[PDB]
Amino acid sequence: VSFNXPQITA
Amino acid sequence: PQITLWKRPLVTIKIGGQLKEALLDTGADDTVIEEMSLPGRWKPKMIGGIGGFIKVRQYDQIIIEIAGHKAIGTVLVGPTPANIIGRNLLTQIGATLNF
Amino acid sequence: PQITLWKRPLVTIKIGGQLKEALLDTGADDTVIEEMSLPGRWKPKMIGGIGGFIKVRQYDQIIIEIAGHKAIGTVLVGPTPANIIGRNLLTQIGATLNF
Ligand SMILES: [Cl-]
Ligand SMILES: [Cl-]
Ligand code: NA
């Protein structure tokens, strides 16, 4: 329940 | 405000008249919210992160309040594990990282 | 420094004697780096992200330098699409979000 949100548009 | 990072930087947002919790995410290019109804037409987008990619619905020029600050911009809707406020809206509310 | 969010907030880090580029990520609980060797013991871990879960190796008490600033903490190594500095080390360099 480590959550890690890098996010980019594919 | 000045927000330290000992806990997740969770804030209240207001979108479509309702209050939700979301995470301020300097590692997110975009803003992504859990399934909800939004007005108007949408366009397709794919977004990637740890884990892989997901399909989302892109809605433009959506009125959204973030911790009390007004923004109007693009909101992605889909099966994200968490509501995330990304740099497109963090820049609208004048947020910076400081150390 | 004060870092704006018009572009991804990337910095140079030194870890395991190597220089790398990493994303300062307030929406990450943990620090996650692409495959590399680190000294000492490790244990397996599953972490989530947009996308789902990935399996990583967890190394504790790893010294890192982030944009000039020394810290120590846990580092996760595995198939992340981006090196990220998460909150466990952002706190140690005194990073805050401000708006
Ligand atoms: Cl936008
Ligand atoms: Cl502090
Ligand atoms: Na160790």
# chains A, B, ... in the order shown; residues from 1 in each chain; ligands from 1
>>> interface_residues(of="chain B", to="chain C", cutoff="8 Å", atoms="only C-alpha atoms", output="MDAnalysis selection string")
chainID B and resid 1:6 8:9 23:29 48:54 80:81 84 87:88 90:91 93:99
>>> write_last_selection(atoms="C-alpha atoms", output="mmCIF file, in the first residue's frame")
data_model
loop_
_atom_site.group_PDB
_atom_site.id
_atom_site.type_symbol
_atom_site.label_atom_id
_atom_site.label_comp_id
_atom_site.auth_asym_id
_atom_site.auth_seq_id
_atom_site.Cartn_x
_atom_site.Cartn_y
_atom_site.Cartn_z
ATOM 1 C CA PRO B 1 -0.637 27.491 2.365
ATOM 2 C CA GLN B 2 2.647 25.763 2.947
ATOM 3 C CA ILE B 3 2.209 21.981 2.843
ATOM 4 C CA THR B 4 4.803 19.644 4.317
ATOM 5 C CA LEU B 5 5.100 16.085 3.094
ATOM 6 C CA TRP B 6 5.128 13.946 6.241
ATOM 7 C CA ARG B 8 0.003 12.622 1.701
ATOM 8 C CA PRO B 9 -0.860 16.139 0.484
ATOM 9 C CA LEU B 23 -3.792 14.330 -3.981
ATOM 10 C CA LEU B 24 -1.538 17.238 -5.030
ATOM 11 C CA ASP B 25 0.955 15.524 -7.388
ATOM 12 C CA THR B 26 3.953 17.315 -8.795
ATOM 13 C CA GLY B 27 4.817 14.075 -10.658
ATOM 14 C CA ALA B 28 1.529 14.167 -12.666
ATOM 15 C CA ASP B 29 1.345 16.150 -15.914
ATOM 16 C CA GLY B 48 0.773 6.090 -18.153
ATOM 17 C CA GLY B 49 2.511 5.701 -14.872
ATOM 18 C CA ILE B 50 3.944 3.054 -12.566
ATOM 19 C CA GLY B 51 1.910 -0.063 -13.399
ATOM 20 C CA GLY B 52 1.284 0.757 -17.073
ATOM 21 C CA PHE B 53 -1.400 2.728 -18.891
ATOM 22 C CA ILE B 54 -5.073 3.376 -18.574
ATOM 23 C CA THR B 80 -7.358 5.867 -11.483
ATOM 24 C CA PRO B 81 -6.590 4.404 -8.014
ATOM 25 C CA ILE B 84 -4.815 13.396 -8.542
ATOM 26 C CA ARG B 87 0.703 20.238 -12.947
ATOM 27 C CA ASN B 88 -1.941 21.551 -15.387
ATOM 28 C CA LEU B 90 -1.189 23.189 -9.843
ATOM 29 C CA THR B 91 0.230 25.915 -12.124
ATOM 30 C CA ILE B 93 -3.349 27.889 -8.491
ATOM 31 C CA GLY B 94 0.251 29.184 -8.409
ATOM 32 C CA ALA B 95 1.820 26.207 -6.636
ATOM 33 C CA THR B 96 5.576 25.791 -6.344
ATOM 34 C CA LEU B 97 7.960 23.329 -4.751
ATOM 35 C CA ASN B 98 10.365 24.879 -2.268
ATOM 36 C CA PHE B 99 13.385 23.700 -0.360
#
>>> select_by_dssp(residues="chain B", states="alpha helix (DSSP H)", output="PyMOL selection string")
chain B and resi 87-92
>>> calpha_fit_and_write(fixed="chain B", moving="chain C", output="short mmCIF file (atom, residue, chain, number, x, y, z; two decimals) with N, CA, C and O atoms, in the first residue's frame")
data_model
loop_
_atom_site.label_atom_id
_atom_site.label_comp_id
_atom_site.auth_asym_id
_atom_site.auth_seq_id
_atom_site.Cartn_x
_atom_site.Cartn_y
_atom_site.Cartn_z
N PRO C 1 -1.34 28.29 1.58
CA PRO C 1 -0.75 27.48 2.64
C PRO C 1 0.64 26.93 2.30
O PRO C 1 1.00 26.82 1.14
N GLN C 2 1.42 26.57 3.32
CA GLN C 2 2.62 25.76 3.14
C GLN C 2 2.27 24.34 3.57
O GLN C 2 1.82 24.09 4.69
N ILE C 3 2.43 23.38 2.70
CA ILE C 3 2.06 21.98 3.02
C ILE C 3 3.33 21.14 3.08
O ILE C 3 4.07 21.10 2.09
N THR C 4 3.57 20.51 4.22
CA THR C 4 4.69 19.59 4.40
C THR C 4 4.31 18.26 3.81
O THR C 4 3.17 17.97 3.42
N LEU C 5 5.35 17.45 3.75
CA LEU C 5 5.21 16.19 3.00
C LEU C 5 5.40 14.97 3.87
O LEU C 5 5.65 13.85 3.35
N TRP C 6 5.26 15.15 5.19
CA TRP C 6 5.32 14.03 6.11
C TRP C 6 4.19 13.04 5.82
O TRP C 6 4.34 11.84 6.05
N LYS C 7 3.03 13.52 5.34
CA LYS C 7 1.94 12.64 4.95
C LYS C 7 1.53 13.03 3.53
O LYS C 7 1.97 14.02 2.97
N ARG C 8 0.69 12.23 2.89
CA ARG C 8 0.22 12.57 1.55
C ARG C 8 -0.48 13.91 1.52
O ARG C 8 -1.33 14.16 2.40
N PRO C 9 -0.17 14.79 0.58
CA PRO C 9 -0.79 16.14 0.55
C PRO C 9 -2.17 16.11 -0.09
O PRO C 9 -2.40 16.44 -1.27
N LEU C 10 -3.16 15.72 0.71
CA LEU C 10 -4.52 15.66 0.26
C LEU C 10 -5.25 16.96 0.61
O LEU C 10 -5.02 17.48 1.70
N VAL C 11 -6.09 17.37 -0.33
CA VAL C 11 -6.94 18.52 -0.17
C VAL C 11 -8.36 18.23 -0.61
O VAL C 11 -8.56 17.27 -1.37
N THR C 12 -9.27 19.10 -0.13
CA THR C 12 -10.62 19.07 -0.71
C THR C 12 -10.75 19.89 -1.98
O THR C 12 -10.23 21.00 -2.12
N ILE C 13 -11.46 19.26 -2.91
CA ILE C 13 -11.78 19.91 -4.19
C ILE C 13 -13.28 19.92 -4.41
O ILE C 13 -13.99 19.09 -3.86
N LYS C 14 -13.74 20.89 -5.18
CA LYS C 14 -15.11 20.88 -5.68
C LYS C 14 -15.03 20.77 -7.20
O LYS C 14 -14.35 21.61 -7.85
N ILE C 15 -15.72 19.76 -7.74
CA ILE C 15 -15.73 19.55 -9.20
C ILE C 15 -17.06 18.97 -9.62
O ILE C 15 -17.58 18.07 -8.93
N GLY C 16 -17.66 19.47 -10.72
CA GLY C 16 -18.95 18.89 -11.09
C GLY C 16 -20.00 18.96 -9.99
O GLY C 16 -20.89 18.09 -9.91
N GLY C 17 -19.91 19.94 -9.10
CA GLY C 17 -20.87 20.12 -8.02
C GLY C 17 -20.66 19.17 -6.84
O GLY C 17 -21.52 19.20 -5.94
N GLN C 18 -19.61 18.36 -6.87
CA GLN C 18 -19.29 17.33 -5.90
C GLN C 18 -18.09 17.68 -5.06
O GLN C 18 -17.13 18.27 -5.58
N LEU C 19 -18.07 17.34 -3.78
CA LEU C 19 -16.82 17.50 -3.04
C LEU C 19 -16.02 16.22 -3.08
O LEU C 19 -16.64 15.16 -2.89
N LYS C 20 -14.71 16.27 -3.33
CA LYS C 20 -13.86 15.08 -3.36
C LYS C 20 -12.54 15.40 -2.63
O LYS C 20 -12.18 16.57 -2.51
N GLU C 21 -11.84 14.35 -2.20
CA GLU C 21 -10.46 14.42 -1.73
C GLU C 21 -9.50 14.14 -2.90
O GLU C 21 -9.76 13.21 -3.64
N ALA C 22 -8.44 14.93 -3.06
CA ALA C 22 -7.50 14.70 -4.17
C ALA C 22 -6.07 14.99 -3.67
O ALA C 22 -5.90 15.81 -2.75
N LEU C 23 -5.15 14.31 -4.31
CA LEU C 23 -3.72 14.36 -3.97
C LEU C 23 -3.04 15.44 -4.80
O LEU C 23 -3.14 15.37 -6.04
N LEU C 24 -2.35 16.41 -4.23
CA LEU C 24 -1.57 17.38 -5.02
C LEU C 24 -0.32 16.68 -5.53
O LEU C 24 0.54 16.30 -4.71
N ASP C 25 -0.23 16.51 -6.87
CA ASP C 25 0.79 15.60 -7.41
C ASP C 25 1.70 16.27 -8.41
O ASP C 25 1.32 16.41 -9.58
N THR C 26 2.91 16.64 -7.95
CA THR C 26 3.79 17.39 -8.83
C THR C 26 4.35 16.45 -9.91
O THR C 26 4.85 16.93 -10.92
N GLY C 27 4.26 15.14 -9.71
CA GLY C 27 4.73 14.20 -10.72
C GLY C 27 3.63 13.78 -11.68
O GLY C 27 3.86 12.77 -12.38
N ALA C 28 2.52 14.51 -11.72
CA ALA C 28 1.45 14.23 -12.68
C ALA C 28 1.35 15.39 -13.64
O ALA C 28 1.24 16.55 -13.25
N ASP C 29 1.39 15.07 -14.95
CA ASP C 29 1.14 16.10 -15.97
C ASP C 29 -0.29 16.62 -15.90
O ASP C 29 -0.53 17.81 -16.14
N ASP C 30 -1.25 15.74 -15.60
CA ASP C 30 -2.65 15.97 -15.76
C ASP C 30 -3.42 15.74 -14.46
O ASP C 30 -2.86 15.15 -13.54
N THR C 31 -4.68 16.14 -14.47
CA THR C 31 -5.59 15.99 -13.33
C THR C 31 -6.47 14.80 -13.64
O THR C 31 -7.09 14.76 -14.71
N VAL C 32 -6.50 13.80 -12.78
CA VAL C 32 -7.18 12.53 -13.05
C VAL C 32 -8.10 12.20 -11.87
O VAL C 32 -7.65 12.10 -10.73
N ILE C 33 -9.40 12.06 -12.16
CA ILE C 33 -10.41 11.79 -11.15
C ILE C 33 -11.13 10.48 -11.42
O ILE C 33 -11.35 10.09 -12.58
N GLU C 34 -11.54 9.82 -10.34
CA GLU C 34 -12.33 8.62 -10.40
C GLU C 34 -13.66 8.86 -11.12
O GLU C 34 -14.08 10.04 -11.29
N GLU C 35 -14.29 7.79 -11.54
CA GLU C 35 -15.51 7.93 -12.35
C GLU C 35 -16.55 8.84 -11.70
O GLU C 35 -16.88 8.71 -10.49
N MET C 36 -16.99 9.76 -12.56
CA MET C 36 -18.01 10.73 -12.21
C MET C 36 -18.55 11.33 -13.52
O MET C 36 -17.86 11.21 -14.52
N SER C 37 -19.72 11.95 -13.54
CA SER C 37 -20.16 12.63 -14.75
C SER C 37 -19.66 14.07 -14.77
O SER C 37 -19.60 14.74 -13.73
N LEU C 38 -19.30 14.52 -15.97
CA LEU C 38 -18.96 15.92 -16.16
C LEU C 38 -19.73 16.40 -17.38
O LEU C 38 -20.00 15.58 -18.27
N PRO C 39 -20.07 17.69 -17.45
CA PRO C 39 -20.83 18.20 -18.60
C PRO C 39 -19.90 18.44 -19.79
O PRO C 39 -18.70 18.69 -19.58
N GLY C 40 -20.48 18.36 -20.99
CA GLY C 40 -19.84 18.71 -22.23
C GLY C 40 -19.23 17.56 -23.00
O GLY C 40 -19.45 16.38 -22.75
N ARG C 41 -18.43 17.94 -23.99
CA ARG C 41 -17.90 16.84 -24.81
C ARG C 41 -16.65 16.28 -24.16
O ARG C 41 -16.03 16.90 -23.31
N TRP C 42 -16.32 15.07 -24.62
CA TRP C 42 -15.08 14.47 -24.19
C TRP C 42 -14.50 13.62 -25.33
O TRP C 42 -15.19 13.25 -26.31
N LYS C 43 -13.22 13.31 -25.15
CA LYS C 43 -12.60 12.38 -26.10
C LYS C 43 -11.74 11.35 -25.38
O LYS C 43 -11.27 11.61 -24.29
N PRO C 44 -11.52 10.17 -25.93
CA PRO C 44 -10.69 9.19 -25.23
C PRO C 44 -9.21 9.53 -25.29
O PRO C 44 -8.69 10.18 -26.19
N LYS C 45 -8.52 9.02 -24.26
CA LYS C 45 -7.09 9.25 -24.03
C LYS C 45 -6.46 8.09 -23.28
O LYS C 45 -7.11 7.51 -22.40
N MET C 46 -5.19 7.80 -23.60
CA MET C 46 -4.44 6.85 -22.78
C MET C 46 -3.37 7.61 -22.00
O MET C 46 -2.70 8.42 -22.65
N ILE C 47 -3.31 7.32 -20.71
CA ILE C 47 -2.27 7.98 -19.90
C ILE C 47 -1.47 6.91 -19.19
O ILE C 47 -2.01 5.82 -18.92
N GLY C 48 -0.21 7.23 -18.92
CA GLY C 48 0.66 6.30 -18.25
C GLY C 48 0.94 6.70 -16.83
O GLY C 48 0.76 7.84 -16.42
N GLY C 49 1.37 5.67 -16.12
CA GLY C 49 1.73 5.82 -14.71
C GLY C 49 2.68 4.68 -14.31
O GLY C 49 3.18 3.96 -15.19
N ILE C 50 2.95 4.52 -13.03
CA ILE C 50 3.86 3.43 -12.61
C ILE C 50 3.07 2.21 -13.00
O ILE C 50 1.82 2.34 -12.82
N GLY C 51 3.36 0.99 -13.47
CA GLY C 51 2.07 0.23 -13.61
C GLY C 51 1.66 0.12 -15.05
O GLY C 51 1.16 -0.93 -15.47
N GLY C 52 1.82 1.16 -15.85
CA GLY C 52 1.36 1.06 -17.24
C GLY C 52 0.33 2.13 -17.55
O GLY C 52 0.28 3.20 -16.95
N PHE C 53 -0.55 1.82 -18.49
CA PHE C 53 -1.51 2.80 -19.02
C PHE C 53 -2.94 2.48 -18.64
O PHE C 53 -3.30 1.30 -18.42
N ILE C 54 -3.72 3.54 -18.58
CA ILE C 54 -5.17 3.38 -18.41
C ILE C 54 -5.84 4.28 -19.45
O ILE C 54 -5.30 5.26 -19.94
N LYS C 55 -7.06 3.93 -19.81
CA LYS C 55 -7.87 4.71 -20.70
C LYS C 55 -8.79 5.62 -19.91
O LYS C 55 -9.43 5.18 -18.96
N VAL C 56 -8.81 6.88 -20.30
CA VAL C 56 -9.64 7.87 -19.61
C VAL C 56 -10.47 8.68 -20.60
O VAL C 56 -10.23 8.62 -21.82
N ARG C 57 -11.43 9.44 -20.05
CA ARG C 57 -12.18 10.40 -20.84
C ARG C 57 -11.63 11.80 -20.56
O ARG C 57 -11.52 12.17 -19.39
N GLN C 58 -11.29 12.52 -21.64
CA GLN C 58 -10.77 13.88 -21.48
C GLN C 58 -11.84 14.95 -21.68
O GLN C 58 -12.41 15.03 -22.77
N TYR C 59 -12.08 15.72 -20.61
CA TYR C 59 -13.02 16.85 -20.63
C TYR C 59 -12.23 18.14 -20.54
O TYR C 59 -11.38 18.30 -19.65
N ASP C 60 -12.51 19.06 -21.46
CA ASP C 60 -11.76 20.33 -21.46
C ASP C 60 -12.62 21.42 -20.80
O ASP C 60 -13.85 21.33 -20.66
N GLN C 61 -11.94 22.47 -20.35
CA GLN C 61 -12.51 23.68 -19.78
C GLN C 61 -13.51 23.34 -18.66
O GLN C 61 -14.69 23.71 -18.67
N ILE C 62 -12.95 22.63 -17.67
CA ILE C 62 -13.73 22.27 -16.49
C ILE C 62 -13.26 23.13 -15.33
O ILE C 62 -12.06 23.28 -15.04
N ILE C 63 -14.21 23.74 -14.66
CA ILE C 63 -13.90 24.59 -13.53
C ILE C 63 -13.77 23.73 -12.28
O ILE C 63 -14.56 22.83 -12.04
N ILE C 64 -12.77 24.00 -11.47
CA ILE C 64 -12.57 23.23 -10.25
C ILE C 64 -12.20 24.21 -9.15
O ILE C 64 -11.64 25.28 -9.45
N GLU C 65 -12.51 23.86 -7.90
CA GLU C 65 -11.95 24.66 -6.82
C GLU C 65 -11.04 23.81 -5.96
O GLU C 65 -11.48 22.77 -5.47
N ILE C 66 -9.78 24.25 -5.81
CA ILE C 66 -8.81 23.38 -5.12
C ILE C 66 -8.46 24.07 -3.82
O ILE C 66 -7.91 25.17 -3.95
N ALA C 67 -8.83 23.43 -2.71
CA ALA C 67 -8.56 24.03 -1.40
C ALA C 67 -8.91 25.50 -1.40
O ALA C 67 -8.12 26.33 -0.95
N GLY C 68 -10.06 25.89 -1.95
CA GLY C 68 -10.40 27.31 -1.88
C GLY C 68 -10.10 28.10 -3.12
O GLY C 68 -10.61 29.21 -3.30
N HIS C 69 -9.28 27.57 -4.01
CA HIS C 69 -8.72 28.32 -5.13
C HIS C 69 -9.32 27.94 -6.46
O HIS C 69 -9.16 26.79 -6.89
N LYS C 70 -10.00 28.83 -7.18
CA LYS C 70 -10.63 28.51 -8.45
C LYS C 70 -9.62 28.36 -9.59
O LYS C 70 -8.61 29.07 -9.72
N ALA C 71 -9.93 27.40 -10.46
CA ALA C 71 -9.11 27.33 -11.68
C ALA C 71 -9.96 26.67 -12.76
O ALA C 71 -11.06 26.24 -12.44
N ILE C 72 -9.43 26.65 -13.98
CA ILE C 72 -10.11 26.00 -15.10
C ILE C 72 -9.09 25.20 -15.89
O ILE C 72 -7.96 25.67 -16.09
N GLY C 73 -9.47 23.99 -16.34
CA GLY C 73 -8.49 23.29 -17.18
C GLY C 73 -9.10 21.96 -17.57
O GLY C 73 -10.29 21.73 -17.37
N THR C 74 -8.27 21.11 -18.16
CA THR C 74 -8.72 19.79 -18.59
C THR C 74 -8.75 18.84 -17.40
O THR C 74 -7.85 18.91 -16.54
N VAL C 75 -9.77 17.99 -17.34
CA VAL C 75 -9.87 16.97 -16.31
C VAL C 75 -10.07 15.62 -16.98
O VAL C 75 -10.91 15.51 -17.89
N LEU C 76 -9.30 14.66 -16.54
CA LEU C 76 -9.39 13.29 -17.09
C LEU C 76 -10.16 12.44 -16.11
O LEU C 76 -9.88 12.56 -14.91
N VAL C 77 -11.12 11.65 -16.57
CA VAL C 77 -11.94 10.81 -15.73
C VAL C 77 -11.75 9.34 -16.12
O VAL C 77 -11.89 9.00 -17.29
N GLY C 78 -11.46 8.49 -15.13
CA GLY C 78 -11.22 7.07 -15.43
C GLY C 78 -10.75 6.33 -14.18
O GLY C 78 -10.84 6.84 -13.04
N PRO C 79 -10.32 5.10 -14.39
CA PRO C 79 -10.06 4.17 -13.26
C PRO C 79 -8.72 4.42 -12.60
O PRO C 79 -7.86 3.52 -12.53
N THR C 80 -8.51 5.63 -12.11
CA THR C 80 -7.33 5.94 -11.30
C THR C 80 -7.50 5.45 -9.86
O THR C 80 -8.57 5.57 -9.30
N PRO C 81 -6.47 4.89 -9.24
CA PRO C 81 -6.57 4.51 -7.84
C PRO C 81 -6.59 5.67 -6.85
O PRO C 81 -6.89 5.42 -5.65
N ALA C 82 -6.27 6.88 -7.26
CA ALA C 82 -6.33 8.07 -6.47
C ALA C 82 -6.75 9.27 -7.33
O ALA C 82 -6.26 9.47 -8.43
N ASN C 83 -7.65 10.11 -6.84
CA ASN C 83 -7.88 11.42 -7.45
C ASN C 83 -6.61 12.26 -7.33
O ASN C 83 -6.09 12.34 -6.20
N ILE C 84 -6.17 12.84 -8.45
CA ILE C 84 -4.92 13.59 -8.37
C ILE C 84 -5.15 14.94 -9.06
O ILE C 84 -5.81 15.01 -10.10
N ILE C 85 -4.57 15.98 -8.47
CA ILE C 85 -4.45 17.30 -9.09
C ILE C 85 -3.04 17.41 -9.66
O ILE C 85 -2.06 17.39 -8.88
N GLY C 86 -2.94 17.44 -10.98
CA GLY C 86 -1.61 17.46 -11.60
C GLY C 86 -1.22 18.86 -12.00
O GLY C 86 -1.89 19.85 -11.70
N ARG C 87 -0.11 18.96 -12.73
CA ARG C 87 0.50 20.27 -12.93
C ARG C 87 -0.39 21.21 -13.73
O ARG C 87 -0.28 22.42 -13.59
N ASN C 88 -1.24 20.67 -14.62
CA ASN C 88 -2.07 21.57 -15.43
C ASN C 88 -2.96 22.45 -14.58
O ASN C 88 -3.33 23.55 -15.00
N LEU C 89 -3.31 22.01 -13.36
CA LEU C 89 -4.11 22.87 -12.49
C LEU C 89 -3.29 23.40 -11.33
O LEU C 89 -3.58 24.48 -10.80
N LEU C 90 -2.24 22.69 -10.92
CA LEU C 90 -1.38 23.24 -9.86
C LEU C 90 -0.77 24.56 -10.29
O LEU C 90 -0.59 25.47 -9.46
N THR C 91 -0.42 24.72 -11.56
CA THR C 91 0.13 26.04 -11.93
C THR C 91 -0.85 27.17 -11.69
O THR C 91 -0.47 28.30 -11.34
N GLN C 92 -2.14 26.88 -11.95
CA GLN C 92 -3.16 27.92 -11.96
C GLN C 92 -3.46 28.43 -10.55
O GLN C 92 -3.92 29.55 -10.41
N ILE C 93 -3.20 27.58 -9.56
CA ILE C 93 -3.37 28.06 -8.18
C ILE C 93 -2.07 28.57 -7.59
O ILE C 93 -2.01 28.94 -6.41
N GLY C 94 -1.02 28.66 -8.42
CA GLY C 94 0.23 29.24 -8.00
C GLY C 94 1.09 28.29 -7.17
O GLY C 94 1.94 28.79 -6.42
N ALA C 95 0.88 26.97 -7.27
CA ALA C 95 1.65 26.06 -6.42
C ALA C 95 3.09 25.92 -6.86
O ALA C 95 3.34 25.79 -8.05
N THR C 96 4.01 25.90 -5.90
CA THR C 96 5.43 25.71 -6.15
C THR C 96 5.98 24.72 -5.12
O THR C 96 5.46 24.52 -4.02
N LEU C 97 7.06 24.08 -5.55
CA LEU C 97 7.84 23.24 -4.67
C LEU C 97 8.99 24.07 -4.11
O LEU C 97 9.67 24.74 -4.91
N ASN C 98 9.19 24.02 -2.80
CA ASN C 98 10.28 24.85 -2.26
C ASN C 98 11.19 24.06 -1.33
O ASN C 98 10.72 23.31 -0.48
N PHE C 99 12.51 24.22 -1.52
CA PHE C 99 13.46 23.62 -0.59
C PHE C 99 14.74 24.43 -0.66
O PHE C 99 15.68 24.08 0.08
#
>>> select_by_dssp(residues="region 15-90 of chain C", states="strand (DSSP E or B)", output="NGL selection string")
:C and (15 or 18-24 or 28 or 32-33 or 42-49 or 52-66 or 69-77 or 84-85)
>>> interface_residues(of="chain A", to="chain C", cutoff="9 Å", atoms="only C-alpha atoms", output="JSON, numbers by chain")
{"A": [1, 2, 3, 4, 5, 6, 7]}
>>> write_last_selection(atoms="N, CA and C atoms", output="PDB file, in the first residue's frame")
ATOM      1  N   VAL A   1       0.837  -1.207   0.000  1.00  0.00           N
ATOM      2  CA  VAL A   1       0.000   0.000   0.000  1.00  0.00           C
ATOM      3  C   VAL A   1       0.858   1.236   0.000  1.00  0.00           C
ATOM      4  N   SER A   2       2.091   1.051  -0.462  1.00  0.00           N
ATOM      5  CA  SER A   2       2.793   2.198  -1.053  1.00  0.00           C
ATOM      6  C   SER A   2       2.172   2.571  -2.378  1.00  0.00           C
ATOM      7  N   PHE A   3       1.646   3.788  -2.544  1.00  0.00           N
ATOM      8  CA  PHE A   3       1.153   4.254  -3.841  1.00  0.00           C
ATOM      9  C   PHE A   3       2.003   5.404  -4.346  1.00  0.00           C
ATOM     10  N   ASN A   4       2.272   5.417  -5.647  1.00  0.00           N
ATOM     11  CA  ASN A   4       3.329   6.255  -6.249  1.00  0.00           C
ATOM     12  C   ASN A   4       2.817   6.738  -7.599  1.00  0.00           C
ATOM     13  N   UNK A   5       2.360   7.971  -7.672  1.00  0.00           N
ATOM     14  CA  UNK A   5       1.776   8.521  -8.885  1.00  0.00           C
ATOM     15  C   UNK A   5       2.613   9.528  -9.612  1.00  0.00           C
ATOM     16  N   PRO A   6       3.714   9.016 -10.355  1.00  0.00           N
ATOM     17  CA  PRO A   6       4.039   9.622 -11.649  1.00  0.00           C
ATOM     18  C   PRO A   6       2.956   9.375 -12.691  1.00  0.00           C
ATOM     19  N   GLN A   7       2.757  10.414 -13.497  1.00  0.00           N
ATOM     20  CA  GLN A   7       1.764  10.276 -14.573  1.00  0.00           C
ATOM     21  C   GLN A   7       2.146  11.146 -15.753  1.00  0.00           C
TER      22      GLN A   7
END
